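Enquirer: Submitted below is the structure of interest, expressed as structure tokens.
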2 protein chains.
Amino acid sequence: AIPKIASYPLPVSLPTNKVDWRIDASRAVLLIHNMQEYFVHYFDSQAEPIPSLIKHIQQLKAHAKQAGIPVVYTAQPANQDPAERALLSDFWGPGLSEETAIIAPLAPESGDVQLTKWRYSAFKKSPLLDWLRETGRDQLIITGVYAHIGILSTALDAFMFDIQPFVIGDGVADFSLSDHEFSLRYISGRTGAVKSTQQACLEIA
Amino acid sequence: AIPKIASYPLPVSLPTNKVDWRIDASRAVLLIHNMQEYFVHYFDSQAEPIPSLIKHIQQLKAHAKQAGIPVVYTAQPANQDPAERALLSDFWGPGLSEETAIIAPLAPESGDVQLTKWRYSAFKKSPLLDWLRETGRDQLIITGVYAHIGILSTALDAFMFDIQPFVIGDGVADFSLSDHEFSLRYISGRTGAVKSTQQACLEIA
Ligand SMILES: C=C(O[C@H]1C=CC=C(C(=O)O)[C@@H]1O)C(=O)O
Ligand SMILES: C=C(O[C@H]1C=CC=C(C(=O)O)[C@@H]1O)C(=O)O
């Protein structure tokens with residue numbers, strides 16, 4: 001199951017990157033990954049890391065808009081058909097039946113694309129890759145939950161599809177600080193660049 | 001870079017699985033992943049974990065053959081075009097130029113398929129998924145190196161493509177015992193079943 005997640009502080013220190021990539025507003029898309037009521041409610045939303053996570057994603061979204069970076073959301077649909085949900089059910093059960101809305105502080109606006117999420121990777125069973133390729137966007141800024149699961153899997157697919165992933169270290173959260181930090185170390189070492197919210201904002205500008 | 005890998009003992013204790021899946025010879029394919037001279041030579045092949053790794057993979061291959069389970073190998077090609085190698089070069093450099101052969105103790109036979117490996121996941125830029133689907137094989141037994149990189153990424157893709165991954169805990173190796181054990185814990189918790197060589201052999205029979 002997803003645990004009841006004990007409060008923990010968002011990390012400030014981030015791993016060093018092996019790559020020198022920088023976010024370019026002409027190349028990038030901002031993904032807000034699985035910030036649904038369902039997933040967020042495994043935390044106490046009034047306790048760390050959630051207030052600061054939300055603030056950081058809000059800020060990045062506002063800066064993205066100002067810079068002309070498209071924003072895309074992922075969200076799982078309720079009551080997934082067992083044949084379509086497939087092997088996920090063997091790990092997580094039948095899945096959400098409610099609480100599908102994106103949390104209000106991160107409400108999608110009319111021009112923000114909302115993709116249906118079927119697997120850990122946002123690319124699977126979705127038009128994400130075709131859209132990025134059609135529009136010539138080859139950087140994906142990744143925020144949301146959970147760092148070691150769909151954030152990581154989406155970054156791996158992006159990387160393998162020749163899209164530079166930028167995972168925002170204080171713009172994701174996870175089941176624990178340990179899982180969160182290990183995820184960032186894995187990403188920096190193997191499959192993307194990790195940036196702070198402040199650094200990503202500076203690069204976007 | 002891939003480190004010069006210090007000797008370490010293959011783990012015997014394996015994590016518990018969340019799933020109750022069992023290998024079925026009518027459903028399964030055995031993947032021997034990146035057991036090329038190039039990758040193996042980052043270890044001392046005469047020191048643990050390599051002699052036991054090789055023995056275990058040899059045994060599984062022989063049992064697979066006896067049980068009618070197809071065997072498939074992956075191998076990276078030498079001197080990859082930078083445009084095709086893409087973002088990998090930013091993490092690992094230009095990649096191998098030599099040492100492309102599968103190590104002799106695991107020599108492919110005439111009926112064993114050899115796929116060209118382009119990304120961490122064996123599915124990317126390959127016919128693997130189409131072949132599995134065409135032939136109705138929906139279990140993938142995974143052996144080889146490195147546990148936390150291509151073994152993990154291949155398992156993630158298989159899982160997301162509705163193929164049950166069985167990662168052989170004492171049939172893979174990695175940059176360190178810690179990386180190896182963490183990989184197995186991740187897999188058992190999130191994206192496949194971990195089996196010992198002995199257990200996989202019993203299930204195959
Ligand atoms: C927020 C995520 O959803 C996954 C994690 C746990 C449970 C899940 C489920 O019930 O389907 C999702 O697959 C993520 O991909 O990180
Ligand atoms: C044995 C693997 O190759 C990868 C790991 C390190 C260096 C690699 C390279 O130079 O391309 C591979 O991407 C694996 O996928 O686990």
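Convention: chains lettered A, B, ... in structure tokens order; per-chain residue numbering from 1; ligands numbered from 1 as shown.
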Out of chain B, which residues get helix (DSSP H, G or I) from DSSP, as a PyMOL selection string?
Expert: chain B and resi 37-40+50-67+82-85+88-92+104-106+128-135+147-160+177-190+197-204
Enquirer: Compute the set of protein, DNA and RNA residues whose minimum atom distance to ligand 2 is at most 7 Å, using only C-alpha atoms and all ligand atoms, and state it as JSON, numbers by chain.
Expert: {"B": [2, 34, 39, 88, 92, 93, 95, 96, 119, 120, 121, 145, 146, 147, 148, 149, 150, 151]}
Enquirer: Determine, counting only C-alpha atoms, which protein, DNA and RNA residues have an atom within 10 Å of an atom of residue B:26; residues of the same chain fewer than 3 positions away are not included. Present the result as a list in words.
Expert: residues 23, 29, 67, 68, 69, 70, 136, 137, 138, 139 and 204 of chain B
Enquirer: For those residues, write N, CA and C atoms to a file as a compact mmCIF listing (two decimals), in the first residue's frame.
Expert:
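Output file part.txt is given in full below:
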```
# COMPACT_ATOMS: atom_id res chain seq x y z
N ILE B 23 6.91 -18.54 -12.22
CA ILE B 23 7.32 -18.74 -13.59
C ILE B 23 6.65 -19.96 -14.17
N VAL B 29 10.01 -16.06 -21.12
CA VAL B 29 11.23 -15.91 -21.90
C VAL B 29 12.35 -15.56 -20.94
N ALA B 67 13.05 -26.83 -20.78
CA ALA B 67 11.65 -26.59 -20.50
C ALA B 67 10.91 -25.93 -21.66
N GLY B 68 11.62 -25.59 -22.73
CA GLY B 68 11.03 -24.91 -23.88
C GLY B 68 10.84 -23.40 -23.73
N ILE B 69 11.61 -22.77 -22.85
CA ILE B 69 11.58 -21.32 -22.66
C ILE B 69 12.60 -20.69 -23.62
N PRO B 70 12.16 -19.81 -24.53
CA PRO B 70 13.11 -19.12 -25.40
C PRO B 70 14.09 -18.27 -24.61
N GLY B 136 2.69 -14.64 -27.56
CA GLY B 136 1.91 -14.89 -26.36
C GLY B 136 2.72 -15.18 -25.10
N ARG B 137 3.95 -14.69 -25.05
CA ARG B 137 4.78 -14.86 -23.86
C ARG B 137 4.66 -13.58 -23.05
N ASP B 138 4.24 -13.72 -21.80
CA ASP B 138 3.96 -12.57 -20.95
C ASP B 138 4.67 -12.63 -19.60
N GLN B 139 5.76 -13.40 -19.54
CA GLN B 139 6.67 -13.40 -18.40
C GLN B 139 8.09 -13.23 -18.91
N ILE B 204 10.27 -23.40 -13.09
CA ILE B 204 10.39 -23.77 -14.48
C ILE B 204 10.06 -25.25 -14.67
```
Enquirer: Which residue out of B:5, B:35, B:102, B:156 has the minimum interatomic distance to ligand 1 when only C-alpha atoms and all ligand atoms are used?
Expert: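 Of all the options, B:156 lies closest to ligand 1.
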Enquirer: Find the residues in chain B near chain A: any atom within 10 Å counts, using only C-alpha atoms. Write them as a PyMOL selection string.
Expert: chain B and resi 1+17-21+83-92+118-121+124-125+148-149+153+156-157+159-164+186+188-192
Enquirer: Output C-alpha atoms for every residue in the selection just made, as a short mmCIF file (atom, residue, chain, number, x, y, z; two decimals), in the first residue's frame.
Expert:
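Result written to again-v3.cif:
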```cif
data_model
loop_
_atom_site.label_atom_id
_atom_site.label_comp_id
_atom_site.auth_asym_id
_atom_site.auth_seq_id
_atom_site.Cartn_x
_atom_site.Cartn_y
_atom_site.Cartn_z
CA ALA B 1 31.84 6.23 -15.47
CA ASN B 17 7.66 -10.33 -2.90
CA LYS B 18 4.34 -8.49 -2.82
CA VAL B 19 3.13 -10.72 -5.65
CA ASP B 20 2.55 -14.46 -5.74
CA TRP B 21 3.53 -14.96 -9.39
CA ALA B 83 22.79 10.97 -32.72
CA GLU B 84 21.51 7.46 -31.95
CA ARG B 85 23.27 7.20 -28.59
CA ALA B 86 21.85 10.64 -27.68
CA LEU B 87 21.70 11.60 -23.99
CA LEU B 88 23.53 8.46 -22.79
CA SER B 89 26.76 10.10 -23.89
CA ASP B 90 26.23 12.88 -21.35
CA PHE B 91 26.29 10.26 -18.56
CA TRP B 92 28.72 7.62 -19.83
CA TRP B 118 20.29 1.04 -27.39
CA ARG B 119 18.90 2.22 -24.01
CA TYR B 120 18.68 1.03 -20.40
CA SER B 121 15.43 -0.74 -21.22
CA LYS B 124 13.45 0.67 -26.42
CA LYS B 125 14.29 0.78 -30.09
CA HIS B 148 20.24 -0.86 -10.80
CA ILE B 149 20.48 0.32 -14.42
CA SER B 153 14.73 -0.22 -16.43
CA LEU B 156 9.95 -1.34 -15.27
CA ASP B 157 9.11 -1.33 -18.99
CA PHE B 159 5.80 -4.41 -15.95
CA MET B 160 4.22 -1.37 -17.59
CA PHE B 161 3.71 -3.38 -20.81
CA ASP B 162 1.80 -6.06 -18.85
CA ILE B 163 4.70 -8.56 -18.84
CA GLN B 164 5.50 -10.09 -15.44
CA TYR B 186 12.94 -1.79 -5.30
CA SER B 188 10.07 -6.66 -5.16
CA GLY B 189 8.31 -3.62 -3.80
CA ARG B 190 7.35 -1.88 -7.02
CA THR B 191 7.86 -3.61 -10.37
CA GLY B 192 8.38 -7.38 -10.36
#
```
Enquirer: Quick one: of A:135, A:199, A:100, A:45, who's nearest to ligand 1, counting only C-alpha atoms and all ligand atoms?
Expert: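 Answer, going by the shortest atom-to-atom distance: A:100.
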Enquirer: Just checking: using only C-alpha atoms and all ligand atoms, which residue out of A:128, A:47, A:40, A:104 ends up closest to ligand 1?
Expert: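 Of A:128, A:47, A:40, A:104, the one nearest ligand 1, counting only C-alpha atoms and all ligand atoms, is A:40.
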Enquirer: Determine, counting only C-alpha atoms, which protein, DNA and RNA residues have an atom within 8 Å of an atom of residue B:141; residues of the same chain fewer than 6 positions away are not included. Present the result as a short mmCIF file (atom, residue, chain, number, x, y, z; two decimals) with N, CA and C atoms, in the first residue's frame.
Expert:
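This is the output file around-v4.cif:
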```cif
data_model
loop_
_atom_site.label_atom_id
_atom_site.label_comp_id
_atom_site.auth_asym_id
_atom_site.auth_seq_id
_atom_site.Cartn_x
_atom_site.Cartn_y
_atom_site.Cartn_z
N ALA B 28 6.97 -17.90 -20.37
CA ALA B 28 8.17 -17.14 -20.04
C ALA B 28 9.20 -17.12 -21.15
N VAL B 29 10.01 -16.06 -21.12
CA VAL B 29 11.23 -15.91 -21.90
C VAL B 29 12.35 -15.56 -20.94
N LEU B 30 13.53 -16.12 -21.15
CA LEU B 30 14.73 -15.79 -20.37
C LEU B 30 15.56 -14.75 -21.11
N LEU B 31 15.75 -13.59 -20.47
CA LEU B 31 16.64 -12.55 -20.96
C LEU B 31 17.98 -12.61 -20.24
N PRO B 165 7.75 -9.32 -14.72
CA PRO B 165 9.20 -9.49 -14.66
C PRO B 165 9.59 -10.33 -13.45
N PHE B 166 10.50 -11.28 -13.67
CA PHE B 166 11.10 -12.09 -12.62
C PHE B 166 12.59 -11.81 -12.66
N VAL B 167 13.07 -11.02 -11.72
CA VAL B 167 14.49 -10.71 -11.65
C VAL B 167 15.16 -11.72 -10.73
N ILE B 168 16.23 -12.34 -11.23
CA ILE B 168 16.89 -13.41 -10.48
C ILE B 168 17.94 -12.77 -9.56
#
```
Enquirer: Figure out the distance between atom CA of residue A:24 and atom CA of residue A:183, please, to one decimal in Å.
Expert: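 For atom CA of residue A:183 relative to atom CA of residue A:24, the distance reads 23.8 Å.
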